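Only one chain is shown below, in structure tokens, and it's the form deposited without the named molecule.
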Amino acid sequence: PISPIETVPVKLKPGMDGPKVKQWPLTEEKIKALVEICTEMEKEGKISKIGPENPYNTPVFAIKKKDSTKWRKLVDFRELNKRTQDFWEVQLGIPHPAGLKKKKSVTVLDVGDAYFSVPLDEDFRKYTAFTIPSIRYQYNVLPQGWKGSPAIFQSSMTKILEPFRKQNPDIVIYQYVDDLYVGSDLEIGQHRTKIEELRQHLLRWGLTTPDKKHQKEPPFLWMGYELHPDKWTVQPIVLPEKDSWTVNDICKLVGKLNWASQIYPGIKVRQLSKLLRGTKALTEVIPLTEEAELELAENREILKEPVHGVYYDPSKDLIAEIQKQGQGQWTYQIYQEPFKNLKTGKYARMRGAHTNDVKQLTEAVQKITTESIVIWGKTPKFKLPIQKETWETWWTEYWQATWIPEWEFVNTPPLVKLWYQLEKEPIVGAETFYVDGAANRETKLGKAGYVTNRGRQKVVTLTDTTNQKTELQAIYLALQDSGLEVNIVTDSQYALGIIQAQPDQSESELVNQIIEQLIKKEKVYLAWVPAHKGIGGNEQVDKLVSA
């Protein structure tokens, strides 16, 4: 039946007109399926036959549905969608089983042919013209392929449920498109009466609830999970097994693991992820690295084991524990009671050409917090593998505002640490190096080198370089030729800004080599001075490297 709700007025973008597009050829099996669907909808007033006074047309097809014994009529409105106005989407995210609270009684419902129950605007109907060939129609309801349909459906569904929600503030309805999880603290009999009430309410608004899709007992199937009364699990994940891997297969493997990491601890995908760094097409085959190959097995092993999440008790705290996986990779578990995960996850983004483990840990915390706020609407308490003192050093030294909310150390290595520490004051009895670089923009040739207070001077000629590079090269060379304690003076803001931030990893081979040196040293002191002001002996070395 069709909802008696008011339509939502839509319009084309200005200067635009409806889609004229030839109906590509269909398989027999599908044409049979479509007239079966169309002859039914047309009787039901859901589609109307049009005449020649309708110029437009748009292709149509059908894919089998998930049960796979019924078909879904689709329309390739890709073109009409370009010319339809903008909507503000009202679906803000995806409900997560870990955010559900324990309920005494639970139900899950689907709506039967959801979109086709919601009326489409009269003035906009002509643009939906399509053709079933062996007979040509337009839509009176929302079609499945138009970009207006999701927001209009979701919004309408929300209007329809408002009265019921107002009347029943204490029944909880998670509404995802037409999927409804309905939970109560009522005994099963009284709950079931409330469900009938809900169903009649949807019926008066034209939304049927087929018993076939009405779950009454657990485990409930919902959003790709199975919900048991005291625990939830994801529906079984199956990774591919090819002996030859393409980009597409990789991306399909990455996705499936990411999806898995929400409840399977330890998942990693850096090795896999880099593979597709250069690759320029889905088609492209790629050879696994011994690194990647190795990851997959680790993951592949992780999945073999049985895992579950639990529901949320709001009268208890939320805790998040983070572990370091090396490589800029992090894992976390969110719980309230130990060894009873709410959910899990990973962080692995690499923000910045250069960084260290304290920054990355700060980025992990930010991410988990935002995510905890979406799901439970509050921040968790943290347990992190970082000493309170380590954090304080970093917080003190660092010139940016930085902060972790309430937290507690957990000595589960590998612990996060700063790997070296610049001296705040010049080092007594440490050779002073005055470093500098210059490069020619045209020829691309350069020189890095130093001069020391002890009479030493060295100059190295470089090729295919940049000023910034020569400046970094000069510092590297001074670290190389100095004892375990060195004072270094540079006139390079660039270099000083990088090193002073205490990175332990870099995209740059050069900075990695520098980082290597810095860790070996007992004491380093970096002074800055402004260039070309004849300051000695930045002056003498500037002369040496410019020729």
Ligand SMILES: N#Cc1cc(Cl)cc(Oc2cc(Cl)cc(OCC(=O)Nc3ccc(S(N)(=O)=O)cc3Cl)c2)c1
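One rule holds for the numbers: they count along the sequence shown, beginning at 1.
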Query raised in the report: Which fits the stretch between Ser134 and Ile135: none, 1 to 3, 4 to 9, or 10 or more deposited residues lacking coordinates?
Result: 4 to 9
Query raised in the report: Mean C-alpha B-factor higher for 518 to 526, or for 34 to 42?
Result: 34 to 42
**Report entry** Of 233 to 241 and 353 to 361, the stretch whose C-alpha atoms average the higher B-factor in the entry
**Finding:** 233 to 241
Query raised in the report: According to the deposited entry, which of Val410, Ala320, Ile375, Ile263 has the largest Cα B-factor?
Result: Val410
Query raised in the report: Which has the highest CA B-factor per the PDB entry: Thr27, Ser492, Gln480, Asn487?
Result: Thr27
Query raised in the report: In terms of the CA temperature factor given in the entry, to which third of its chain does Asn512 belong: lowest, middle or highest?
Result: lowest
Requested in this report: Sorting the chain's modelled residues by C-alpha B-factor, tell me whether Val60 ends up in the lowest, middle or highest third.
Outcome: middle
Report task. Relative to the other modelled residues of the same chain, rank the CA B-factor of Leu272 and answer lowest, middle or highest third. Result -> highest
Query - Assigned third (lowest, middle, highest) for the C-alpha B factor of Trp71 - result: highest
Query raised in the report: Among the modelled residues of its chain, does the C-alpha B-factor of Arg125 lie in the lowest, middle or highest third?
Result: middle
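One more form of this protein should be noted, the form solved in complex with the named molecule, which is absent from this view; the next part is about it.
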Query raised in the report: Is there a clash that blocks the site, or is it open, when the named molecule is superposed from its pose in the deposited bound form and ligand atoms are checked against a 2.4 Å limit to backbone and C-beta atoms, 3 or more counting as blocked?
Result: blocked
Query - Option touching the named molecule, based on a heavy atom within 4.5 Å in the deposited bound form, out of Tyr347, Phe164, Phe220, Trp205 - result: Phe220
Report task. State the residue from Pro133, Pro426, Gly255, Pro229 whose non-hydrogen atoms include one within 4.5 Å of the named molecule in the deposited bound form. Result -> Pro229
Requested in this report: Name the stretch, out of 366 to 374, 262 to 270, 181 to 189, 282 to 290, where some heavy atom lies within 4.5 Å of the named molecule in the deposited bound form.
Outcome: 181 to 189
Query raised in the report: Would the named molecule in the deposited bound form be within 4.5 angstroms of a non-hydrogen atom of every residue among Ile319, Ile322 and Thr362?
Result: no
**Report entry** 4.5 Å heavy atom contact, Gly148 to the named molecule in the deposited bound form
**Finding:** no
Query raised in the report: Is there any non-hydrogen atom of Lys101 lying within 4.5 Å of the named molecule in the deposited bound form?
Result: yes
Query raised in the report: Taking the shortest heavy atom distance, is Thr84 within 4.5 Å of the named molecule in the deposited bound form?
Result: no
Report task. Answer yes if any heavy atom of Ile386 is within 4.5 Å of a heavy atom of the named molecule in the deposited bound form; otherwise answer no. Result -> no
Query - Residues within 4.5 Å of the named molecule in the deposited bound form, restricted to 292 to 323 and counted by heavy atom - result: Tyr311
